[PDB]
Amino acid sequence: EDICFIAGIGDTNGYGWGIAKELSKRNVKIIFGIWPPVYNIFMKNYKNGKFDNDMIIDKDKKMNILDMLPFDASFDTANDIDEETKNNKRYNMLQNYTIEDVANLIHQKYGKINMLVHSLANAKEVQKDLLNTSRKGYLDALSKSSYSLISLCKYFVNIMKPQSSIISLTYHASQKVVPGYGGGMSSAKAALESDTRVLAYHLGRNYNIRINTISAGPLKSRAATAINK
């Protein structure tokens, strides 16, 4: 039984949803990793049937969502959670949303999985060109958009079967310049592409696991709008 964990879905307008939809075409169980800030809005809509159409897979098939879990790619373990977010109106009532906690969580409920999708990015200062991005904003972009992949691998490699596959999404702005893609997003994608190679080495040799990254074209996703430039 193929089980894919898709990290980075807050709506049906993104690539994560398009990936999920296509995977269910092949009958693979889908586990959603939702960012806490939009978790309630997502569940609320899902339950109120606001995605029913979006879940129609041509051949009548109804997209099968195995589970939906709060997930924050910026926290590796439970003692990495600062008090502020700990007590935030959106996080306060949730638990087991760190990278390490969702790995154990998925492992205890469904066992080993064999498919991992990294479909998230985040840059606070995306509106600023590279030259005027701060060290804090830049490191924030690399921490959420790049490191998150490495950390996902470190923790999920123990719950993944041999010959499993991992993928993430990148953008050509890492290789060629596109003005407007700031905040260090271009930097983060460059690192991500580079890390995909180094990880393909460590994961391939040690675990027989593969990892590739898809450089996608433009899609009018919710996040795409944040790029005010």
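Numbering starts at 1 and follows the sequence shown.
Look at the C-alpha B-factors of 28 to 36 and of 182 to 190. On average they run higher in 28 to 36.
In this entry, the higher average B-factor at the C-alpha atoms falls on 104 to 112, of the pair 104 to 112 and 137 to 145. Comparing C-alpha B-factors across 175, 165, 168, 45 in the deposited entry, the largest value falls on 45.
Highest C-alpha temperature factor among 151, 132, 74, 95 per the entry: 95. For residue 89, the recorded CA B-factor ranks within the highest third of the chain. Only modelled residues enter the ranking. For residue 119, the recorded CA B-factor ranks within the lowest third of the chain. Only modelled residues enter the ranking.
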